[PDB]
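Participant:
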RNA sequence: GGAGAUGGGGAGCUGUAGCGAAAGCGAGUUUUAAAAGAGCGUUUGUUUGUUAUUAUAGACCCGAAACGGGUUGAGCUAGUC
Ligand SMILES: [Mg+2]
Ligand SMILES: [Mg+2]
Ligand SMILES: [Mg+2]
Ligand SMILES: [Mg+2]
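In full-length UniProt numbering, the protein residues as written are 2 to 53.
(1) How is residue 22 classed by DSSP in three states: helix, strand or coil?
(2) What residue range is occupied by the uninterrupted beta strand (DSSP E) comprising residue 39?
(3) Could you give the DSSP three-state label for residue 49: helix, strand or coil?
(4) Spatial neighbours of residue 8 within its chain, please: C-beta separation below 8 Å, excluding the five flanking residues on both sides.
(5) Could you give the residue range of the beta strand (DSSP E) that holds residue 58?
As structure tokens, then:
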């Protein structure tokens with residue numbers, strides 16, 4: 002793809018960088034993405050609730 | 001590594017060949033003198049997430065008369081001095 006550089010002033014570079022096709026995948030998986038987000042949200046739990 | 005996602009870590013676990021108590025043999029094996037007959041095999045995996053059931057824990061909640069171990073009581077009362 003056309004991934005292009007950014008300078009400090011906010012103007013764009015005139016030379017875009019080509020991208021190897023291995024990065025972009027023609028097949029997208031959404032269920033593994035959902036499970037990854039859920040396990041990231043989990044393990045953030047302190048779990049210090051206690052009752053007698 | 002942030003009380004992280006994760007990376008390293010292949011120790012192991014399931015499946016890949018089964019049969020027999022076993023030595024053993026092996027797409028065959030056990031029984032038997034038998035190769036016949038019969039039994040079992042000659043294929044469909046694994047790791048997670050969710051739900052249902054189940055096993056160990058008190059295991060849906062409330063309820064005994066009880067049992068065992070320790071301490072406190074003879075200012076009431078019973079006896080004795
Ligand atoms: Mg790990
Ligand atoms: Mg046969
Ligand atoms: Mg599968
Ligand atoms: Mg008295």
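Note that the Cβ used here is the ideal one computed from N, Cα and C, for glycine as well.
Facilitator: Checking against the coordinates, here is how it stands:
(1) coil
(2) That residue, residue 39, is in no beta strand (DSSP E); its alpha helix (DSSP H) goes 32-42.
(3) coil
(4) 14
(5) What the structure shows of the chain is the stretch from 2 to 53, and residue 58 is not part of that stretch, so it cannot be assessed.
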